[PDB]
Each structure stands twice: as structure tokens, then as C-alpha cells.
Amino acid sequence: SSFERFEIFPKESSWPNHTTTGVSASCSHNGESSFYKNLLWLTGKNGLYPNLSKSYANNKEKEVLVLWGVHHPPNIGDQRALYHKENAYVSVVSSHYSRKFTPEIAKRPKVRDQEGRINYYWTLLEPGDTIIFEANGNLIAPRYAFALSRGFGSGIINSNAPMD
Amino acid sequence: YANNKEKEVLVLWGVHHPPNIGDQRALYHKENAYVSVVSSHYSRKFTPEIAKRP
């Protein structure tokens, strides 16, 4: 019934100790490399990846769909190159959700030109609840969220037909 | 505890998550704790998560 894309974490603000200019050739837009419009790739600035602890409290009388990611580098060298720490943790906590994520370095079969994988996670913040992101590495932070008013049960139609 | 009542037993427990590291130490005297619950068909290992919840 409602779909409001809103900036949960501004790119120019909200990350003053990290590089937010991560792009990948697997997500190339019009030749040049780009990245997701709703996610932000945080890497290290001034040779360090500082501890991140950022919280958002829901204030929109609507459940908010928050999407984040966890990066799994292909080898240990890339892990040290981007996040400057052989092991990392991503704690995403809320009132009714709690998950710890640990990077899993492995050389996976090359898909979309890459061997490393990014696992995508989502949750629904209830109206009057907060989500806390803590991370010392491997965090694909949310940038745009979605306030979602729900409606009648429906589905997805898989078809190739004109629209009138 | 070993079941000797010939009936299924409902066992309830809980794990605490203090708001700040100060409380963790004050009450539990350890920065990082572990809670393992093991049964023949259940096995879980909980870690306290410290956060400033509302």
C-alpha cells in the first residue's frame, strides 16, 4: 500500500572514517564500474578500518525493510588489503532479530568475473524499534531503506506479455 | 538433568544481554561469556550481545 524509499544512512555523512567509493566491474553501468544504489561498500581509509557502531530507530509508523550485506573475500590477501584484519565480525541486532556474521574466505568458482561472494540479508523493523550495526570489517552497509505498508496477499507473475 | 518421568519434560531457560560492558563485568565478571545447552536432539551455544537497546 505504501513504498517509500528513504535514505537510512547518508553517503556523504554517516561514514566519516571509511572509504565509501567501492565499485566492482561485475556491477558495471554504461561501461564504467558501479555498485548497488541501495547499498554502500565500506572499505578502509588512512590505512585502518575503525570500529563501526551505528543505530537507527524507526519513527515512520511503518515497518522498514532494511537490507545489508556481508563480504566474503576470495583470499586472505584481499581481506587484509580492504579491511586490514584477518578476521572480522558483523553484529546486526534489533528487538526481534540478532545475527553475528563471520567472513568465510574461500576461492569460490568465478561467477560474474568474481570469486569472492557477498551475502545479502534483510529484516523488517517494527514501528518503534531500532537496529544496531556493529562491524570491524566486511560490511555492505544500508544506504536506502523502504517503509512498507502491507496489503492483500498477492504474487509474482512470470510472463512475457504486453501491458495495457 | 536426566529424564525419569516417562513423559516429555518442558525445560525453559534464558540468556542475559546487559546493556553496557560495565554491567556485564559487575554481575558476571567476564567480558565474554558462553551458554551451552546440549541435549540428545538439541544443541545450542549462546553468546551475550552487549547493546544499548531502547
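Residues numbered from 1 in each chain as written, not as in the entry; some residues may be left out. Chains lettered and ligands numbered in written order. Part of a larger assembly, values for the part shown. Heavy atoms only, no water. Residues with missing side-chain atoms left out of burial classes, pairs and counts.

- As annotated in the PDB entry, chain B carries the name Hemagglutinin (HA1 polypeptide) from influenza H1N1 A/Solomon Island/3/2006 and comes from Influenza A virus.
- The PDB lists this entry under the title "Structure of porcine Fab 14-1 in complex with influenza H1N1 A/Solomon Island/3/2006 hemagglutinin".

- In the annotation of the PDB entry, chain A is listed under the name Hemagglutinin (HA1 polypeptide) from influenza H1N1 A/Solomon Island/3/2006 and assigned to Influenza A virus.

### Brief notes about the overall build of chain A
Then, number 1: Broken down by element type, chain A carries one helix and 14 strands.
Then, number 2: In terms of overall dimensions, chain A has a C-alpha envelope of 50 × 40 × 25 Å along the principal axes.
Then, number 3: Considering only intrachain contacts with a sequence separation of at least 6, the fraction spanning at least 24 residues in chain A is 80%. (Helix = DSSP H or I, 4+ residues; strand = E, 2+ residues; numbered from the N terminus. Contact = heavy atoms within 4.5 Å.)

### Let's talk about helix α1 (residues 76-83) of chain A
Then, number 1: Measuring from the side-chain oxygen of the N-cap residue of α1 of chain A to the backbone nitrogen of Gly 77 of chain A gives 3.3 Å; that N-cap residue is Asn 75 of chain A.
Then, number 2: Directly beyond the C-terminal end of α1 of chain A, a positive phi value near 50 degrees is found at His 84 of chain A. (Polar contact = N/O pair within 3.5 Å; in protein donor to acceptor, adjacent residues only side chain to side chain.)

### What to know about the interface of chain B and chain A
Then, number 1: In this complex, chain B contributes four residues to the contact, which on the side of chain A involves six residues.
Then, number 2: Both sides of the chain B and chain A interface together cover about 440 Å² of buried area, and 57% of this is carbon and sulfur.
Then, number 3: Between the two partners, chain B and chain A, sit zero salt bridges.
Then, number 4: There are one residue pair in polar contact connecting chain B and chain A.
Then, number 5: Each residue belonging to the side of chain B that touches chain A can be placed in one class, and the counts come to two nonpolar, no polar and two charged. (Buried area = accessible area lost by both parts, 1.4 Å probe. Salt bridge = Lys/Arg side-chain N within 4 Å of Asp/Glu carboxyl O. Nonpolar A, V, L, I, M, F, W, Y, C, P; charged D, E, K, R; others polar.)

### Concerning the sheet that holds strand β10 (residues 98-101) of chain A
All names here are of chain A.
Then, number 1: Pairing is antiparallel in the open sheet, where four strands are placed in the order β7-β12-β9-β10. The sheet is open, and its two borders are formed by β7 (52-57) and β10, each paired with just one other strand. Neighbour-to-neighbour, the strand axes of the sheet open up by a mean angle of 10 degrees, direction not taken into account.
Then, number 2: As paired strands, β7 and strand β12 (residues 130-135) are joined by six bridges and run antiparallel to one another. Paired with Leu 52 across the strands is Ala 135, a residue of β12. (Pairing = 2+ DSSP bridges. Axes fitted to C-alpha atoms, helices over the stretch in contact; angles between N-to-C directions.)

### Quick look at the nonpolar core
Residues and elements named next belong to chain A.
Then, number 1: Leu 42, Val 66, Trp 68, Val 92, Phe 101, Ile 131 and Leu 139 are the most contacted members of the largest nonpolar core, which has 32 residues in total.
Then, number 2: Elements represented by at least two residues in this core include exactly β5 (39-41), β7, β8 (63-72), β9 (90-93), β11 (117-125), β12, β13 (139-142) and β14 (144-149).
Then, number 3: With four residues, the single largest contributor to this core is β8.
Then, number 4: With near-sequence residues (within four places) excluded, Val 92 lies in contact with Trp 68, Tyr 97, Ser 98, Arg 99, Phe 101, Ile 131, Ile 132 and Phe 133. (Core = buried A, V, L, I, M, F, W, Y, C linked by side-chain atoms within 4.5 Å. Buried < 20%, exposed > 50% of the residue type's maximum accessible area, 1.4 Å probe, protein only.)

### Thoughts on the pairing of β14 of chain A
Residues and elements named next belong to chain A.
Then, number 1: Counted residue by residue, β14 has five buried out of six residues, so it is predominantly covered.
Then, number 2: In terms of strand pairing, strand β1 (residues 2-7) meets β14 through six bridges, oriented antiparallel. In the strand pairing of β14, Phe 6 is matched with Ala 145.
Then, number 3: Of the strand pairs in this sheet, β8 and β14 are connected by three bridges, and their pairing is antiparallel. Note that in β14 the partner of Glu 63 across the bridge is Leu 148.

### Considerations on the environment of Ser 53 of chain A
Residue and element names in this part refer to chain A.
Then, number 1: You can see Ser 53 is positioned in strand β7.
Then, number 2: The class of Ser 53 is exposed, set by a relative accessible area of 53%.
Then, number 3: Counting along the chain gives 17 residues from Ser 53 to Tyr 36, while the straight-line C-alpha distance between them is 22 Å.
Then, number 4: In this structure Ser 53 touches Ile 132, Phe 133 and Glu 134, once residues within four positions along its chain are discounted.
Then, number 5: Polar contacts involving the side chain of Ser 53 include one to the side chain of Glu 134, which spans 2.9 Å.

### What about the packing of aromatic side chains?
Residue and element names in this part refer to chain A.
Then, number 1: Enumeration according to the criterion identifies 14 aromatic pairs over all chains in this entry.
Then, number 2: Look at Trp 68 and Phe 101: their rings are 6.4 Å apart centre to centre, the planes differ by 65 degrees, and that puts the pair in the edge-to-face class. Linking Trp 68 in strand β8 with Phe 101 in strand β10, this pair joins segments that are 33 residues apart in sequence. No difference in accessibility class separates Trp 68 from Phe 101, as the two residues are buried.
Then, number 3: Taken together, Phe 9, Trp 15, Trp 68, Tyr 97, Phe 101, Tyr 121 and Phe 133 form an aromatic cluster joined through their ring pairs.
Then, number 4: Over the aromatic face of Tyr 144 sits the side chain of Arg 5, whose NZ or CZ is 4.1 Å from the ring centroid.
Then, number 5: Residue placement shows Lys 60 over the ring face of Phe 6; its charged tip is 3.8 Å from the ring centre. (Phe/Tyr/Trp six-rings, centres within 6.5 Å; stacked < 30°, edge-to-face > 60°. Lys NZ or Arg CZ within 6 Å of the ring centre and 35° of its normal.)

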